Amino acid sequence: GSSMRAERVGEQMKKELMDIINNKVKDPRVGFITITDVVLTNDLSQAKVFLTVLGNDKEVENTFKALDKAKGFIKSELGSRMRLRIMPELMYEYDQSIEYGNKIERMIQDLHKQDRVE
């Protein structure tokens, strides 16, 4: 129920980001991780990964930390998607749809797609 472009590119990012987080990054002490909505901002440049996970606010954070920990690996697997030239940036968010709404703080940084060396 948002911008069609954002839903398409976003949820394709859902596929990649799903796999990136739960198949690439560690989750051995927390419950299963579910991508609920990864939507692109109205600017169509940001993939907001809305996740739900069985864990504490801190465990939820731990999954996020695992993301901000291996961020460029997340980003490189993101970079490896091969189905987009333009790079929409990811946003590590928590589901506000069905889960509780704890958006207190989040670090959007570590963009590994600036890897265009000179």
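Residues numbered from 1 in each chain as written, not as in the entry; some residues may be left out. Heavy atoms only, no water.

Colleague: I would appreciate a short explanation of the overall build of the protein in the present structure.
Modeller: A count of helices and strands for the protein gives three helices and three strands. Ordered by position from N to C terminus, the α and β elements of the protein give α-β-β-α-α-β. Relative to a compact globule of 118 residues, whose C-alpha radius of gyration would be 13 Å, the protein shows 14 Å and is just as compact. In terms of its C-alpha atoms, the protein occupies a principal-axis envelope of roughly 40 × 35 × 25 Å. Residues counted as buried form 41% of the 118 residues belonging to the protein. Long-range contacts, defined as pairs at least 24 residues apart, comprise 63% of the intrachain contacts of the protein with a sequence gap of at least 6. The centroid of the 20 positive side-chain charges in the protein is displaced by 4 Å from the centroid of its 20 negative side-chain charges. (Helix = DSSP H or I, 4+ residues; strand = E, 2+ residues; numbered from the N terminus. Rg over C-alpha atoms; globule rule 2.2 N^0.38 Å. Buried < 20%, exposed > 50% of the residue type's maximum accessible area, 1.4 Å probe, protein only. Contact = heavy atoms within 4.5 Å. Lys, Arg positive; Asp, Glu negative; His and termini not counted. Charge placed at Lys NZ, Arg CZ, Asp CG, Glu CD.)

Colleague: Would you take a moment to explain the environment of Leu17 for this structure?
Modeller: For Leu17, the location among the structural elements is in helix α1 (residues 4-24). The exposure class of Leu17 is buried, given its relative accessible area of 1%. If we skip the residues at most four places from it in the chain, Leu17 touches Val49, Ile74, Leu78 and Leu90.

Colleague: Hey, could you run me through the packing of aromatic side chains in this one?
Modeller: Any two aromatic rings considered together are summarised by their centre-to-centre distance and by the angle between their planes. Considering all chains together, one arrives at two aromatic pairs under this definition. Their ring planes at 40° and their centres at 4.8 Å tell us that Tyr94 and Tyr100 sit as a pair that is tilted. Across from the ring centre of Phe64, 3.9 Å away, lies the NZ or CZ of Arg106, which sits over that ring. (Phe/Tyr/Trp six-rings, centres within 6.5 Å; stacked < 30°, edge-to-face > 60°. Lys NZ or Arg CZ within 6 Å of the ring centre and 35° of its normal.)

Colleague: Where do I start with the environment of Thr34 in this structure?
Modeller: Position of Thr34 relative to the elements: it lies in strand β1 (residues 33-40). As a C-alpha pair, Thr34 and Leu51 span 17 residues in sequence and 5.6 Å in three-dimensional space. Not counting residues within four places of it along the chain, the set of residues in contact with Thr34 comprises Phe50, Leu51 and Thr52.

Any functional reading would require information beyond the geometric quantities listed.
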